[PDB]
Amino acid sequence: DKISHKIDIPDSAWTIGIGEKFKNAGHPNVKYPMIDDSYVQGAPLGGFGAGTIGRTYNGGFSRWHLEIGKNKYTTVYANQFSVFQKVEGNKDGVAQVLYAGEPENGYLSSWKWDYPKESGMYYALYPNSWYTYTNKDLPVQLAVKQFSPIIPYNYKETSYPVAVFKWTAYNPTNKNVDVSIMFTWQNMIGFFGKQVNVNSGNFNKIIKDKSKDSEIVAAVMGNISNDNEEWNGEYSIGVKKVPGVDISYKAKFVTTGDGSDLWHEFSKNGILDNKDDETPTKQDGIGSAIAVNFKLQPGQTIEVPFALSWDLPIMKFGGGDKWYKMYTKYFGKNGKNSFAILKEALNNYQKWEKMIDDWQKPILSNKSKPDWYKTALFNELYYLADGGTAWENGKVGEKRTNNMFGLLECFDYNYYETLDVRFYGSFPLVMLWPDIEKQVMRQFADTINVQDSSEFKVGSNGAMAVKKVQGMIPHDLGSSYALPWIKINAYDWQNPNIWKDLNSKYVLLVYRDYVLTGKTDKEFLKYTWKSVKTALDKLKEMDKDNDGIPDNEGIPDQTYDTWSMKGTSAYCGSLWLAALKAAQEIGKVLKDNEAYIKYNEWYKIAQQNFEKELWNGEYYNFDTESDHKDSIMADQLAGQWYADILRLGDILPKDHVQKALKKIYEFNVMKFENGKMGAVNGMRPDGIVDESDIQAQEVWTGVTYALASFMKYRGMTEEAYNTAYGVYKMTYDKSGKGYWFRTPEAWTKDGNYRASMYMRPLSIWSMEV
Ligand SMILES: OC[C@H]1NC[C@H](O)[C@@H](O)[C@@H]1O
Ligand SMILES: [Ca+2]
């Protein structure tokens, strides 16, 4: 490996061998079918709301999130990089697809598949990833850096449906070597969204953009139809000429044949026929190819950029609504702009790389932080792009000031912006894209007084309940299978209109977003104030026994939606205390004296009773009335965690908080599989896991990172990082369960999981407040 030093991969990149088998992989631990796409994953490509494409560590374009809100794992075999090399003085060269696998059927049988093991590495530090190719039969070593311009405080390039592939090639040998790199791509119009005739009308064209000191050559893969539908648009691949390289192309090869129409050309001398052909297809799948060819002398290096774009301007949800995607603001809505997007990337990728370096540098250059922590911090962000992210620029056939946004809870539980989860998972948005975060919160503010008296069947017990009650914050802003932003509360396992955490979490999120954006946005506080007061006043009505605290009803009436709470719980009770303190402060800022006094009075009463009811001398009891009310809950002081972040001071005595956190570390972490797997949710005082519900026996990745944050800002530094390390280990390490780029909600002690690709572990960014 002499290519590593010609490129700059950070030491904190996650790494794996190309073609590496992983033996320890976890699987779902639930009864009903659950997504399990295997451990063959990678960092995704694509901006926010663009649809993303997961290219795996084996090189395949395999995890397709282009249909917004859906996860489709299938390798499109035509989509590849391939290499040809010939040593000067030899009769024949060698050609190889850079994919550690082969097709399942006979399509593309002529291509050279099965890139060998032990011949290259994959590296990832989101939004960047890299492949190195160090193969004994390829004298010239290659590497590629691939990325999309995901940039904090940037709402433009961050939205783009584009990826850059910056290749580096180096000849360490003493002979001249002829080298070609070829990008192939299937015309994927009709891959989703088209009910019949899926390839019909697909056609490919070549664009040659020649200016001074510039040549880009690109294939545009589209359809003859000008229909404005979800399935229609264009894909483009292309390359920018650099000194010392020639470009060749093939506009049309058949993907549903043996591939030899293309491969016979490439495998001979690495040079394609330059045959244009715009003839549309009927049944056959078609693709395009763009190649570069160059000669490397001994010791010579060359860099060449390729790119990929996709202009699919319309997203459609299962309820019928069609929206334009955010990037259309910048490139247009007609679905004929893939070349413009590609050209922007090819002409500006060097600036984008520097912008990414500029935002990663503060963390990467802090040598007090271990590299494993940096691996997790950056790579967990894959979810902001990969979480079915929807970001609208208008409803089809209708202009407003804002662009509504939503991130899925996950794909198995297909709900946008689940609020009890975003309480944990929204940290990267407030920290790094605060204009999105505030937009999401204003969306919630607007729903507070919505009433929908239609009824749904509650899944957990079969009872009928009202869909949306006035004054109760919704669980979610809909499902991609139905109508995101329009039909809220798609969740039906429990009735969220009686949850005891949603209204308080809402208030806490509002105040968080003011505090973490500099305490300057009074306008955001003004927009949300009525909803905040309404939320607290409605939750106060759920105090059945006049202790000043909402009562859990002996059912799962909060985020732990199979774990029953009864009476005053540490979790919902501490959230309530913190939300009251936050509202007091907002009242002061907005000069609403009567709100300040009222919430101050509720706070003093609730605080005294919480302490009396739950403090046991060592920690806060789980609750006041449950069968295992003395269980040690990992999240028992969630309200105090948030109060620390919001700078609201002590809601509970410092001594008791410290005692409680030390107990959690000593028990829920250290007596759970040696502290190597995170904090288990519930532990009995005798040091064995609480078995009253599956959720008590689970480690929640997002809860655990949040607890690590809580510990860190309370000065328990070793405990904080040791607690977080188990999550990192299980997710990324060789000794883990193979969850890289699909961090789940939960695992049990056997390491098996529930709900891969989950929003909650984005809470790791609360460790960087
Ligand atoms: O895993 C628990 C999780 N299930 C799915 C629900 O949408 C969410 O509110 C809850 O926290
Ligand atoms: Ca009460």
Side-chain angles (χ1 to χ4, degrees), residues 26-35 409-415 418-425 456-465 474-476 479 489-502 505 550-573 575 621-636 638 668 672 678-684 688-704 706-707 744-750 752-756 758-761:
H27 307 288
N29 61 20
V30 301
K31 167 171 57 150
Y32 281 89
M34 173 160 277
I35 295 160
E409 175 187 338
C410 64
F411 291 89
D412 292 288
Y413 317 144
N414 201 280
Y415 307 124
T418 302
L419 188 132
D420 48 292
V421 176
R422 90 186 309 284
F423 179 76
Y424 304 87
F456 68 99
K457 180 176 64 61
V458 176
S460 68
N461 69 357
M464 300 302 295
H475 176 267
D476 63 74
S479 173
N489 281 342
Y491 174 83
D492 61 14
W493 172 250
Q494 300 291 2
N495 182 8
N497 297 286
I498 65 165
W499 281 19
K500 313 301 187 308
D501 64 339
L502 290 172
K505 283 176 174 174
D551 287 62
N552 295 94
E553 297 183 69
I555 58 164
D557 53 0
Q558 36 60 52
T559 200
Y560 300 89
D561 69 352
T562 58
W563 203 10
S564 288
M565 292 181 187
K566 198 180 184 173
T568 289
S569 65
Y571 186 65
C572 297
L575 292 166
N621 282 343
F622 177 86
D623 68 17
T624 54
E625 298 176 29
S626 287
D627 296 335
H628 288 167
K629 68 192 177 184
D630 67 344
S631 278
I632 303 155
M633 200 205 187
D635 225 355
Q636 62 186 256
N668 304 60
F672 189 76
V680 74
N681 280 326
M683 190 158 272
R684 307 291 297 126
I688 100 147
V689 173
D690 187 347
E691 286 184 314
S692 71
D693 184 64
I694 182 63
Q695 292 177 341
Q697 303 170 66
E698 287 179 327
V699 170
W700 282 18
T701 60
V703 173
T704 294
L707 177 69
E745 164 86 298
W747 48 70
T748 43
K749 68 178 155 174
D750 62 3
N752 288 308
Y753 73 88
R754 185 164 62 81
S756 74
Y758 206 78
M759 192 211 299
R760 215 187 301 262

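Along the sequence shown, the residues carry numbers beginning at 1. Just so you know, these numbers use all the heavy atoms, side chains as well, and skip hydrogens, waters and symmetry mates.
To the nearest 0.5 Å, atoms CG (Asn681) and CG (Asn668) are separated by 8.0 Å. Atom CD of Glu409 is separated from atom CZ of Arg760 by 7.0 Å, given to the nearest 0.5 angstrom. Note that the OG1 atom of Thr704 and the CD atom of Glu698 stand 11.0 Å from one another [nearest 0.5 Å]. In this structure, CD in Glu691 is found 9.5 Å from NE2 in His628, a value given to the nearest 0.5 Å. Atom CZ of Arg684 is separated from atom CD1 of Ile632 by 9.0 Å, given to the nearest 0.5 angstrom.
Two rings, from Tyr571 and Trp563, have their centers 6.0 Å or more apart.
Between the side chain of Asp623 and the main chain of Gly567, no donor-acceptor pair closer than 3.5 Å is present. Counting only distance, with no hydrogens or angles, the side chain of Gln695 and the backbone of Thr562 share a donor-acceptor pair below 3.5 Å. Remark: side-chain polar atoms of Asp630 are not paired, donor with acceptor, to backbone N or O of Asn621 under 3.5 angstrom. In terms of modelled atom types and a separation under 3.5 Å, the side chain of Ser460 and the main chain of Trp493 share a donor-acceptor contact. Using modelled atom types, one side-chain atom of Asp412 and one backbone atom of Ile35 make a donor-acceptor pair closer than 3.5 Å. Judged purely by atom type and a 3.5 angstrom limit, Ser569 uses its side chain to pair as donor or acceptor with the backbone of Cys572. Looking only at distances, no side-chain donor or acceptor of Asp693 sits under 3.5 Å from a matching main-chain atom of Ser564. Of the possible polar contacts, one joining the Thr624 side chain to the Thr568 backbone as a donor-acceptor pair under 3.5 Å is found.
The shortest side-chain heavy-atom distance between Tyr758 and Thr701 does not fall under the 4.5 Å cut-off. By the 4.5 Å heavy-atom criterion applied to side chains, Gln494 and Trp499 are counted as neighbours. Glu745 has its side chain within reach of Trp700: a pair of non-hydrogen atoms, C-beta onward, lies under 4.5 Å apart. For the pair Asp492/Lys457, no side-chain contact is recorded, criterion being any heavy-atom separation below 4.5 Å from C-beta on. In this structure, the side chains of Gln558 and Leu575 stay at 4.5 Å or more apart for every pair of heavy atoms.
Shortest non-hydrogen contact noted between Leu419 and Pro474 is CB-O, 4.1 Å. When every heavy atom of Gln636 is checked against every heavy atom of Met633, the shortest pair comes out as NE2-O, 3.0 Å. Closest approach of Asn495 to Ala465, counting heavy atoms only: ND2-CB, 3.6 Å. Across every non-hydrogen atom of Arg754 and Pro744, the tightest pair is O-CB, 3.6 Å. What you find for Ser756 and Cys410 is that their closest heavy atoms are O-CB, 4.0 Å.
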From CA spacing to verdict: side chain to side chain contact (heavy atoms under 4.5 Å, CB included), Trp747, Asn29: CA-CA 8 Å; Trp747 48 70; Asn29 61 20; 5.7 Å; no
Verdict with reasoning, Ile498 to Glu553, per side chain to side chain contact (heavy atoms under 4.5 Å, CB included): CA-CA 9 Å; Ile498 65 165; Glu553 297 183 69; 4.1 Å; yes
Audit row: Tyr413, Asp476, side chain to side chain contact (heavy atoms under 4.5 Å, CB included) steps and yes/no: CA-CA 11 Å; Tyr413 317 144; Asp476 63 74; over 6 Å; no
Test log, rule side chain to side chain contact (heavy atoms under 4.5 Å, CB included), inputs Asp690 and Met683: CA-CA 5 Å; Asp690 187 347; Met683 190 158 272; 5.9 Å; no
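With 3.5 Å as the limit, one finds no donor-acceptor pair spanning the side chains of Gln697 and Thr748.
Classification of the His475-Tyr415 ring pair by plane angle, with boundaries at 30° and 60°, yields perpendicular.
Under the salt bridge (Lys or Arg N to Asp or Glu O under 4.0 Å) criterion, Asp557 pairs with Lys500, not counting sequence neighbours. Considering only residues two or more places apart in sequence or on other chains, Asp627 meets the salt bridge (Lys or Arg N to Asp or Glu O under 4.0 Å) condition with none of them.
With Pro496 as the fixed residue, the side-chain contact (heavy atoms from CB on, under 4.5 Å) test singles out one of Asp501, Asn489, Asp561, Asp420: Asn489.
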